[PDB]
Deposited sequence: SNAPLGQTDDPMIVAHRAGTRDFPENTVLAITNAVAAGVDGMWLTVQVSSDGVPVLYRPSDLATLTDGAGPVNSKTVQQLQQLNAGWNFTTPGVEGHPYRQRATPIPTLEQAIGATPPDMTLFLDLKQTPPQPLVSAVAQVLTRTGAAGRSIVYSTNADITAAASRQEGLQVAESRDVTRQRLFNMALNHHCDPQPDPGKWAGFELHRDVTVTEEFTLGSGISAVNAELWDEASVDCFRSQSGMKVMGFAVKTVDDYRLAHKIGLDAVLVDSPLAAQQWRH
């Protein structure tokens, strides 16, 4: 079958990322999952926002937790969005505000899996997921092992495998062909199809370093993750039709795409 199409930041190429406008359009484009970046307001309300500073995508400035939710929802998260070839910022005159996580959940249909890329953020997210009943369709992700571990201490939260463990297993497979550590049953794991890394070896005095682009998902590594484990695997940064063809051939459960509209063409 086909990999799930997951809208990265609700489809950052097509519409202002992490907005309800983008979420609604991504659903309409037929995506199978919704990947959203979550931060918390100064008054403890999870909101959707990816950058470390509000100036990157809005008309405000400062960290998300420097503002109340009422202040954040007045900011236009389409402030800097551009459409290629087209000049100007089309959403400066048609604002797409920062939404709460709760609003985002409500803008998705009951079947749709949410991937939430993330103290007190973890507790605040757990409370929203509990009260809305969306914990059963939401997967908490982080690149940071401390966030993964904190999420796993919250009752009822489904948590992706930590990136440290996923990366270790992928590099063991690529470099020594061992499926180590063992799969973690039932968990989601994800990684880029192409990833710049540095490899370092140590000598008596000094070291040697190589910059290398790693392509870690292949039939063997997918089988290592998934065989007899129930693990599900997602390819990150799936951009080209060639990326999609690779993911399809090797049987990735999901692909993370910036353009749900472009991805529609991969299914007909």
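- According to the record, the deposited residues with no C-alpha atom in the structure span 1 to 8, 127 to 131.
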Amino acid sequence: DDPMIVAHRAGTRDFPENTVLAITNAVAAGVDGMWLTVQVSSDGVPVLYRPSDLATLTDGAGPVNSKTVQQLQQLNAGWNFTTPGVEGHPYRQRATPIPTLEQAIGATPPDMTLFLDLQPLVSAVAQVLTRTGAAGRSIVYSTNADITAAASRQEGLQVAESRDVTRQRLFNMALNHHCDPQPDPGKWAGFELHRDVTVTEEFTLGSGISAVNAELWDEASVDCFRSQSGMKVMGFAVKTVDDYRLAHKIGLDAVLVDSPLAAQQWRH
From here on, numbers count along this sequence of modelled residues.
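- Averaged over their C-alpha atoms, the temperature factors of 208 to 216 and 44 to 52 are higher for 208 to 216.
- Comparing 238 to 246 with 32 to 40, the stretch with the higher mean C-alpha B-factor in the PDB entry is 238 to 246.
- Reading the B-factor column for the CA atoms of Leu175, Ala95, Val128, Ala104 in the entry, the top value corresponds to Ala95.
- Considering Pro99, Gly190, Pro84, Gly78 together, the PDB entry gives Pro84 the largest C-alpha B factor.
- When the CA B factors of the chain's modelled residues are split into thirds, the value for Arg169 lands in the lowest one.
- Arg153: CA B factor lies in the highest third for its chain, per the PDB record.
- In this PDB entry, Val64 carries a Cα temperature factor that places it within the middle third of its chain's modelled residues.
- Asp180: CA B factor lies in the highest third for its chain, per the PDB record.
- Sort the modelled residues of the chain by CA B factor and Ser123 lands in the lowest third.
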